[PDB]
Amino acid sequence: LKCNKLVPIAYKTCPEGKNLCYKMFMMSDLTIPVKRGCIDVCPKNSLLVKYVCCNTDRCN
């Protein structure tokens, strides 16, 4: 399971223990993400940034 990194022009493999992909977006530039990587558990979303998980490749 590989996903894109901070910069969507290149992707790598999701770290050990984390087979899930996650992507966070700030309230401001909701059109352009703030965080993009992999995680293990799906994180709690806030009223500031929204978190999105994905089990697909090159998702985030």
# chains A, B, ... in the order shown; residues from 1 in each chain; ligands from 1

$ residues_around --residues "region 22-38 of chain A" --least-positions-apart "5" --cutoff "9 Å" --atoms "only C-alpha atoms" --output "list in words"
residues 2, 3, 4, 5, 6, 7, 8, 13, 14, 15, 43, 45, 47, 48, 49, 50, 51, 52, 53, 54, 55, 59 and 60 of chain A

$ residues_around --residues "region 39-42 of chain A" --least-positions-apart "4" --cutoff "6 Å" --atoms "only C-alpha atoms" --output "short mmCIF file (atom, residue, chain, number, x, y, z; two decimals) with N, CA, C and O atoms, in the first residue's frame"
data_model
loop_
_atom_site.label_atom_id
_atom_site.label_comp_id
_atom_site.auth_asym_id
_atom_site.auth_seq_id
_atom_site.Cartn_x
_atom_site.Cartn_y
_atom_site.Cartn_z
N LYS A 18 1.38 1.21 9.89
CA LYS A 18 0.37 2.03 9.23
C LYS A 18 0.18 1.55 7.80
O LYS A 18 1.05 1.74 6.95
N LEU A 20 -2.93 2.16 6.44
CA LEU A 20 -4.02 3.02 6.00
C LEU A 20 -3.46 4.38 5.58
O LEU A 20 -2.42 4.81 6.09
N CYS A 21 -4.16 5.01 4.66
CA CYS A 21 -3.74 6.32 4.16
C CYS A 21 -4.66 7.38 4.77
O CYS A 21 -5.86 7.13 4.96
#

$ select_by_dssp --residues "chain A" --states "strand (DSSP E or B)" --output "list in words"
residues 2, 3, 4, 11, 12, 13, 20, 21, 22, 23, 24, 25, 26, 35, 36, 37, 38, 39, 49, 50, 51, 52, 53 and 54 of chain A
